[PDB]
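Written out below as structure tokens is the structure these notes cover.
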Amino acid sequence: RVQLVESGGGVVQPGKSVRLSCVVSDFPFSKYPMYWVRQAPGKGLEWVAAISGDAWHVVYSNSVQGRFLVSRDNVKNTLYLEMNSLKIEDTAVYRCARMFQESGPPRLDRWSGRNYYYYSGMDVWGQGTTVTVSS
Amino acid sequence: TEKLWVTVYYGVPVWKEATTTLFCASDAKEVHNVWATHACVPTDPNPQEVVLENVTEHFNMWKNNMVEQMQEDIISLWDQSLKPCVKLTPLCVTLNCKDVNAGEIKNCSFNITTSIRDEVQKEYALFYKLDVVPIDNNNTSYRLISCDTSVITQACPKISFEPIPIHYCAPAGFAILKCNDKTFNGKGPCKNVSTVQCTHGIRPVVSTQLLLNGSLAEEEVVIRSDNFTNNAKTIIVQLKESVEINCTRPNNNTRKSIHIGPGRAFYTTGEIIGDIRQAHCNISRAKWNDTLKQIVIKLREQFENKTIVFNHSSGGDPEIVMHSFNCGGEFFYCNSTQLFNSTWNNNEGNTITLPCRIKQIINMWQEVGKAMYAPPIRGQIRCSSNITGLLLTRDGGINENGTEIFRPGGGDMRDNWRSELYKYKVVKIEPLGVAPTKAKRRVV
Amino acid sequence: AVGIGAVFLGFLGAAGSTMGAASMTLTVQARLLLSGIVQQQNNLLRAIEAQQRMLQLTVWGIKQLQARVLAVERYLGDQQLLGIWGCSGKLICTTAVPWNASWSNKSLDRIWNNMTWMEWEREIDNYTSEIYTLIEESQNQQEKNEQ
Amino acid sequence: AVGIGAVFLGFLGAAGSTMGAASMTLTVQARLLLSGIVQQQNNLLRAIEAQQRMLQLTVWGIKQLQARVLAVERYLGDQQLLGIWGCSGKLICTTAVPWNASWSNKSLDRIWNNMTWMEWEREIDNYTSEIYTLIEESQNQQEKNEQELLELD
Amino acid sequence: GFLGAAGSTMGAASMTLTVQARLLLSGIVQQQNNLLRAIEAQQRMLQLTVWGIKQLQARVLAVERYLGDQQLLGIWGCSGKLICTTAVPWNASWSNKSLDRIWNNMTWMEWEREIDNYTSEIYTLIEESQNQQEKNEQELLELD
Amino acid sequence: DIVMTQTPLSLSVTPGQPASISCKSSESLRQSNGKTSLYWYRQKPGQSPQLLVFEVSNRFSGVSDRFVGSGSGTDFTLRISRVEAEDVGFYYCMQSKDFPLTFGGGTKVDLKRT
Ligand SMILES: *[C@@H]1O[C@H](CO[C@@H]2O[C@@H](C)[C@@H](O)[C@@H](O)[C@@H]2O)[C@@H](O[C@@H]2O[C@H](CO)[C@@H](O[C@@H]3O[C@H](CO[C@H]4O[C@H](CO[C@@H]5O[C@H](CO)[C@@H](O)[C@H](O)[C@H]5NC(C)=O)[C@@H](O)[C@H](O)[C@@H]4O[C@@H]4O[C@H](CO)[C@@H](O)[C@H](O)[C@H]4NC(C)=O)[C@@H](O)[C@H](O[C@H]4O[C@H](CO)[C@@H](O[C@@H]5O[C@H](CO)[C@@H](O[C@@H]6O[C@H](CO)[C@H](O)[C@H](O)[C@H]6O)[C@H](O)[C@H]5NC(C)=O)[C@H](O)[C@@H]4O[C@@H]4O[C@H](CO)[C@@H](O[C@@H]5O[C@H](CO)[C@H](O)[C@H](O)[C@H]5O)[C@H](O)[C@H]4NC(C)=O)[C@@H]3O)[C@H](O)[C@H]2NC(C)=O)[C@H](O)[C@H]1NC(C)=O
Ligand SMILES: *[C@@H]1O[C@H](CO)[C@@H](O[C@@H]2O[C@H](CO)[C@@H](O[C@@H]3O[C@H](CO[C@H]4O[C@H](CO[C@H]5O[C@H](CO)[C@@H](O)[C@H](O)[C@@H]5O)[C@@H](O)[C@H](O[C@H]5O[C@H](CO)[C@@H](O)[C@H](O)[C@@H]5O)[C@@H]4O)[C@@H](O)[C@H](O[C@H]4O[C@H](CO)[C@@H](O)[C@H](O)[C@@H]4O[C@H]4O[C@H](CO)[C@@H](O)[C@H](O)[C@@H]4O)[C@@H]3O)[C@H](O)[C@H]2NC(C)=O)[C@H](O)[C@H]1NC(C)=O
Ligand SMILES: *[C@@H]1O[C@H](CO)[C@@H](O[C@@H]2O[C@H](CO)[C@@H](O[C@@H]3O[C@H](CO[C@H]4O[C@H](CO)[C@@H](O)[C@H](O)[C@@H]4O)[C@@H](O)[C@H](O[C@H]4O[C@H](CO)[C@@H](O)[C@H](O)[C@@H]4O)[C@@H]3O)[C@H](O)[C@H]2NC(C)=O)[C@H](O)[C@H]1NC(C)=O
Ligand SMILES: *[C@@H]1O[C@H](CO)[C@@H](O[C@@H]2O[C@H](CO)[C@@H](O[C@@H]3O[C@H](CO)[C@@H](O)[C@H](O)[C@@H]3O)[C@H](O)[C@H]2NC(C)=O)[C@H](O)[C@H]1NC(C)=O
Ligand SMILES: *[C@@H]1O[C@H](CO)[C@@H](O[C@@H]2O[C@H](CO)[C@@H](O[C@@H]3O[C@H](CO)[C@@H](O)[C@H](O)[C@@H]3O)[C@H](O)[C@H]2NC(C)=O)[C@H](O)[C@H]1NC(C)=O
Ligand SMILES: *[C@@H]1O[C@H](CO)[C@@H](O[C@@H]2O[C@H](CO)[C@@H](O[C@@H]3O[C@H](CO)[C@@H](O)[C@H](O)[C@@H]3O)[C@H](O)[C@H]2NC(C)=O)[C@H](O)[C@H]1NC(C)=O
Ligand SMILES: *[C@@H]1O[C@H](CO)[C@@H](O[C@@H]2O[C@H](CO)[C@@H](O[C@@H]3O[C@H](CO)[C@@H](O)[C@H](O)[C@@H]3O)[C@H](O)[C@H]2NC(C)=O)[C@H](O)[C@H]1NC(C)=O
Ligand SMILES: *[C@@H]1O[C@H](CO)[C@@H](O[C@@H]2O[C@H](CO)[C@@H](O[C@@H]3O[C@H](CO)[C@@H](O)[C@H](O)[C@@H]3O)[C@H](O)[C@H]2NC(C)=O)[C@H](O)[C@H]1NC(C)=O
Ligand SMILES: *[C@@H]1O[C@H](CO[C@@H]2O[C@@H](C)[C@@H](O)[C@@H](O)[C@@H]2O)[C@@H](O[C@@H]2O[C@H](CO)[C@@H](O)[C@H](O)[C@H]2NC(C)=O)[C@H](O)[C@H]1NC(C)=O
Ligand SMILES: *[C@@H]1O[C@H](CO)[C@@H](O[C@@H]2O[C@H](CO)[C@@H](O)[C@H](O)[C@H]2NC(C)=O)[C@H](O)[C@H]1NC(C)=O
Ligand SMILES: *[C@@H]1O[C@H](CO)[C@@H](O[C@@H]2O[C@H](CO)[C@@H](O)[C@H](O)[C@H]2NC(C)=O)[C@H](O)[C@H]1NC(C)=O
Ligand SMILES: *[C@@H]1O[C@H](CO)[C@@H](O[C@@H]2O[C@H](CO)[C@@H](O)[C@H](O)[C@H]2NC(C)=O)[C@H](O)[C@H]1NC(C)=O
Ligand SMILES: *[C@@H]1O[C@H](CO)[C@@H](O)[C@H](O)[C@H]1NC(C)=O
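Chains as they are written, first to last, in the authors' numbering: chain H, 1 to 52, 52A, 53 to 82, 82A to 82C, 83 to 100, 100A to 100R, 101 to 113; chain C, 31 to 59, 64 to 136, 152 to 309, 312 to 321, 321A, 322 to 355, 357 to 397, 401, 409 to 410, 412 to 506; chain D, 512 to 658; chain F, 512 to 664; chain B, 521 to 664; chain L, 1 to 27, 27A to 27E, 28 to 109.
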């Protein structure tokens, strides 16, 4: 541990914006990309978003594409997930988690010239926080 | 100084089309023991691609080297794998047989010299009618197709037939160029190209008169041809989405092993379990009609709007005129008439049953005397595939005005490879370039 | 799950240029002349070598050797030519041969600002031969003149 | 019988040497990137030529061809890079590229005084390709284009 | 086939080494071979055959010789240039003969007969002095 | 997008009786580095996700020896040998070959009763 702590949840109305914050105790960070997932009250698991260890590559789920915002501060050891234009369907318990393997620095392909990142599964979760939407 | 001086540039991005040989990568390969698992790089799953901006290039599917590659290479490799296998020379002995109890396959017996001296006569060889040739009036005695030209190589029991995804890439100094454009004609200039490290997955399916499990068109069905005016050349039709077809199985059966030499083993079918069943394929009649209609639309686009006719094959040798079909490692030849029996102009069951013959003596690619013997697969074979295109030929003898007539196409397998390789070029890089500029090489 | 960064323009990206811009990336182009598998390429190179351990095959196997040797020779041919010209290193090397307007007389500005290497190739292809010869003579005379 | 003299450094002699001194043995390594049968002998060359000839018809000869070609490719694989960079050898050369500390911050007094080449190498494995590319563009960018323009009058 | 100098002494031959300049072959021969490399496609279709095999081996050999010879010039810091110098004092232990005799009345080939057991070392001293040291000294200057 | 499903959601077990859950993928999870990108997870009611295995047939450190992964191609599995009554809970299959990262059925192991 690698102790994951999440906060900033509650209940808000549709169309509003929020911020969730995730702090991890005893953890390098710079070598590790991180995940945000969704545990719905509809009893399922969803991947929500991913961000590289050095905060240079971010991927969003199709359902939150153009709505959510992942960011990082590796000096303060903190992840941020903001959420714009919340919709009712977004009502869920959101969980901050960390990857299973270490990640090396991005590898530059000399044939295509593209700078690639490699991702993986995950090994530690926090307990996240509940964020619900409506009245 | 108005006078410009010559300056040499090295590493200049230019290319010339040129013939070369590509490096095969048989992606994702007791195994065993095909495709090119022993003549092609084991695995190369992750292709790279670079998009070019303001460039153009002229493509010509019909004269593309890469086809000649696969055409030679596949024959070569397939042949190679059979060199160490059993040649069934004793088998050429005059056979004597009888129709199997309910026309029909036959239960044959024959004399054969094996083990030590003497021979063993009473056999149970279940052969299909289209593997044997009756001799002397109505006598029950005869021999296999064309033993006079060898035709006795038994494919090793261990060797599979399964077609697998293979990729081609270019060797150092060459590059593969691909036209990134929907609706691409297959012939002419492309305004949007990109280079690729390798090709996309190719599936080396040997089949005739019917393109199976290939790539699909994206918008609307397309029809490609070298020269629509020229009625002697085969046209290639690529579907906008596939039509699934499920082919079936013969009577359930057991494979018998026959000792024929010092370790020489001959396999055949001796036992039928349960009822005798007719091998065939089933296809949605309605769906066929649906996509056939789609095609017809474009056929009309090719000659005003003349009525379209589909006639079955002109007739002849089943191995030429039926559509060949691979499944489970056994060889089917099915009648396609029901699929090509319609006319279309300005204006029944649910599915169609297509009877198939099952052969064992196979003459691959019309080679002279190099036919093989396919060993039987135990049990029944269920397989289903996706029709992705058609090979058609316009009848050169059309003398009726207002109509255009097509029959199942033809030609060699080169066309079969074209159905995938129709957007690739292989070019050599030419690093050295020379151009004028206002600077002189200073002495000392 | 693999992410993608930025360029770092890759192989032949310069074709869209415009020779004025094509002076860049000359290294990007040249660097890949001896490999389509540049880099360790884990899960590729390992198989590439493994395959060359399997060269008990004939005909087919040997074709790969032909390919490799010709690649090497093709490279070296160019290296010899540059050596002859006094262009041992590297990318850009000016000569002392004045451009013969007979070959072409298009504006310098047209050339570098609104012309692409492929075009340039097509335009002066028929003179390549004697251009090279003349460059050789330059270096030949320079061998003796610089004495 | 055979008597023996003395080093004359030796092949991989600096393998465990501190890089500061190991940097002065580059001649030995470079000398042998095409060999293992050095000096006439002169029976070894005779034998090898004899087997290269005799075995030209069989797989084992082919495997020698395979190996020989491999050697050459590996050699040229490095010469190509040295050619592209403004570092035609010359055993060593310097670039215009500034060391980006992201790769390693380590002090030169630790590097050049208590580390082998292999230890050092472990630490830069993942940055090799990046470093090369930056050298390449540094070579072209200005050092060659502007260079051309520096002779422009 | 640049052996014209073989009929002269080292002095004279040394005036013709720069006259030779143009490679002993290869170069334009490789250009002629490019034409033959196009033909090789026919010789590919040909299949595996003796002469073909020999040819392949011959190409490999030729190339190997070329690069081996070139290699040393690179490592020596001399590159080429056909004539270069190096700061290795001519240890008289190797030989002791008047320069007039060394350059005059001295067939180049014949000269080699008497240098062979020393050539090996000579290469070493070149390496480990000329480039080993000098390379650093330039950097060492650039440090200041 | 890569999608996939698991065995029917209700799996009843008994103490000492081994039991297994498969996971059918829409596409083989072969990864570009030569491995297969499949993970198994589980969690109990009121309990955050736990990692069971991280490669096909390669359980995660700290996880009981009962857990035995297996399978290949396009359809994999996880078998628990000698299932204990305390192994009940939700089981998830998860793929990481491509984005979005997806999950399987999310089955649940419970006990047999009378
Ligand atoms: C570069 O590059 C490189 C390479 O790369 C590659 O390649 C290239 C070419 C390309 O391709 C690319 O792409 C690729 O990638 C890289 O590398 C990398 O790296 C990274 C890092 O960085 C890494 O990561 C890592 O990982 C690992 C894993 O992996 C490995 O292994 C594996 C295995 O597998 C399996 O196993 C099993 C057993 O187990 C078996 O059975 C089986 O069989 C197997 N399988 C198979 C199939 O086989 C493998 O696989 C792999 O591979 C690996 O290995 C490797 O490999 C390679 C090859 O491949 C080789 O070559 C090599 O050599 C190898 N390696 C070796 C070593 O051998 C893991 O493990 C890790 O993690 C771990 O560790 C860490 C450390 O390090 C830790 O952390 C820690 O923590 C602590 C705390 O605790 C801390 O302390 C602290 O401190 C503070 C102050 O600061 C304070 O004082 C406090 O108080 C304290 O506490 C420390 O610090 C830390 N550290 C650090 C460093 O930071 C962690 O944690 C871990 O450990 C563990 O963990 C776990 C969890 O996870 C745990 O458990 C838990 O616990 C708890 C309690 O605690 C509870 O109990 C619970 O329940 C549980 O759960 C445990 O415990 C622990 N332990 C202990 C003892 O503790 C890492 O992640 C990776 O991997 C790599 N890769 C590879 C591939 O390898 C690099 O990176 C780059 N870069 C550069 C710069 O260069
Ligand atoms: C034999 O023939 C059969 C057919 O008879 C062949 O089988 C068919 O094979 C293909 C290929 O395996 C399958 O299609 C592939 O499906 C995947 C996934 O698609 C599903 O998910 C879509 C996304 O859904 C999520 O998001 C939406 C909201 O946005 C939510 O509603 C959902 O709940 C999910 O959360 C969904 O849109 C698709 O539905 C659509 O398609 C089906 C038809 O298949 C219709 O009924 C639906 O109404 C609807 O129109 C679907 O449910 C796709 O990812 C594949 O396409 C991608 O990859 C292609 C290249 O292979 C590429 O060209 C595409 O552009 C696309 O890639 C792009 O998009 C991806 C994201 O969407 C990006 O990740 C990617 O990077 C890129 O940017 C493809 O369509 C068929 O379903 C399958 N048919 C059946 C019956 O199973 C078979 O191949 C034939 N032969 C062989 C030998 O097998
Ligand atoms: C001219 O040729 C160029 C290539 O030389 C073609 O370029 C491709 O164009 C398409 C359309 O713009 C691009 O496809 C889109 O990619 C999106 C994903 O991008 C990421 O992944 C790719 C690799 O897949 C990376 O190259 C890229 O950097 C990204 O990291 C998808 O999200 C898109 O899908 C969505 O739109 C499509 C319809 O276009 C829908 O079908 C989907 O369901 C979804 O809504 C889309 O696929 C492609 O990436 C471009 N390639 C490159 C190299 O940039 C042009 O298409 C071509 N033009 C002609 C007419 O053919
Ligand atoms: C090879 O198989 C053929 C049948 O396909 C066998 O033919 C039969 O062979 C026997 C032995 O040569 C012949 O038997 C003869 O029968 C008459 C009457 O019973 C008897 O008078 C003779 O003494 C003799 O036994 C039989 O006629 C012949 N059949 C025919 C159609 O010619 C042959 O036996 C088989 N060889 C082997 C080694 O089993
Ligand atoms: C597609 O290729 C076919 C040939 O494969 C081309 O057919 C040619 O078409 C022209 C026009 O119908 C024919 O020309 C006629 O030839 C006779 C004799 O030379 C002359 O007397 C007539 O005046 C006329 O020119 C030509 O014979 C025919 N060729 C053959 C093989 O039948 C067609 O032109 C091609 N289409 C494309 C777009 O190039
Ligand atoms: C190709 O499609 C044909 C039908 O068009 C399939 O043949 C049909 O198969 C079913 C199942 O074997 C037969 O039905 C069975 O009949 C018995 C008695 O009526 C009944 O007890 C069963 O419940 C069942 O309905 C049907 O008679 C048979 N049709 C004929 C012409 O024999 C065949 O299975 C299809 N092949 C593929 C690969 O799916
Ligand atoms: C024709 O192929 C069918 C399968 O398509 C064969 O049917 C299978 O035959 C065996 C032997 O009669 C049966 O074996 C029994 O299977 C059960 C379950 O696998 C096992 O518990 C028994 O110990 C035994 O092995 C098998 O069930 C039966 N399959 C089915 C679908 O009924 C038949 O054997 C084939 N022909 C020949 C000549 O064997
Ligand atoms: C593909 O070709 C197009 C032209 O057909 C290229 O577009 C032109 O690219 C240049 C360089 O990026 C742009 O020039 C710059 O424009 C700005 C503003 O006009 C000026 O401030 C600069 O001094 C310079 O001229 C030009 O505007 C742009 N044209 C347009 C229509 O956007 C593009 O570069 C080509 N791509 C390849 C890879 O060469
Ligand atoms: C510069 O070039 C002109 C034209 O040369 C012709 O075109 C070239 C591309 C190549 O094909 C040459 O072989 C051609 O000769 C030169 O003009 C020629 O000059 C000679 C006398 O020197 C004269 O006899 C020829 O008739 C001329 N050619 C023509 C077609 O009129 C010109 O000499 C070149 N300039 C220099 C300085 O050498
Ligand atoms: C034809 O093959 C059948 C098997 O497909 C053979 O059948 C066996 O024949 C012998 C001889 O009549 C009998 O002892 C067996 O009981 C038959 N088996 C069954 C399933 O009936 C037959 O021998 C073969 N050859 C001949 C000439 O009929
Ligand atoms: C194309 O096939 C469709 C069926 O797939 C045919 O449509 C059927 O036509 C009959 C007569 O009108 C109706 O009994 C069916 O209900 C129709 N089917 C459906 C799906 O509507 C149509 O006749 C076919 N065209 C050709 C030329 O045969
Ligand atoms: C079918 O042929 C007719 C002529 O017989 C074509 O009709 C002309 O088509 C063009 C293109 O749509 C129009 O410019 C004309 O006005 C149409 N003529 C009339 C009488 O309407 C039609 O294009 C042809 N279709 C095919 C696919 O080529
Ligand atoms: C080297 O990194 C250490 C932390 O690991 C830091 O204290 C020091 O400032 C770093 N030096 C450089 C030059 O950044």
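Cβ atoms here follow ideal geometry from the backbone N, Cα and C, with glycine treated the same way.
Limits of the alpha helix (DSSP H) - the one that residue i falls within
i: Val58 of chain H; result: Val58 of chain H -> not in any alpha helix (DSSP H); beta strand (DSSP E) instead, spanning 57 to 59.
i: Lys655 of chain D; result: 639 to 656
i: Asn339 of chain C; result: 335 to 352
i: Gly531 of chain F; result: 530 to 533
Minimum Cβ-Cβ distance from residue i to chain L less than 9 Å
i: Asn553 of chain D; result: yes
Beta carbon proximity, residue i to chain H, threshold 9 Å
i: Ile559 of chain D; result: no
i: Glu648 of chain F; result: no
Where the beta strand (DSSP E) through residue i begins and ends
i: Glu91 of chain C; result: 91 to 94
i: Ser70 of chain H; result: 67 to 72
Residue i versus residue j: straight-line alpha-carbon distance, rounded
i: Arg542 of chain B; j: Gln567 of chain F; result: 33 Å
i: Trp628 of chain B; j: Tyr638 of chain B; result: 16 Å
i: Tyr36 of chain L; j: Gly263 of chain C; result: 37 Å
i: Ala55 of chain C; j: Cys74 of chain C; result: 5 Å
i: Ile51 of chain H; j: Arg100C of chain H; result: 16 Å
Assigned secondary structure, residue i (DSSP; H/G/I helix, E/B strand, else coil)
i: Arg100J of chain H; result: coil
Min CB distance residue i to chain F below 9 Å
i: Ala501 of chain C; result: yes
Chain C contact for residue i (CB, 9 Å cutoff)
i: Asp636 of chain F; result: no
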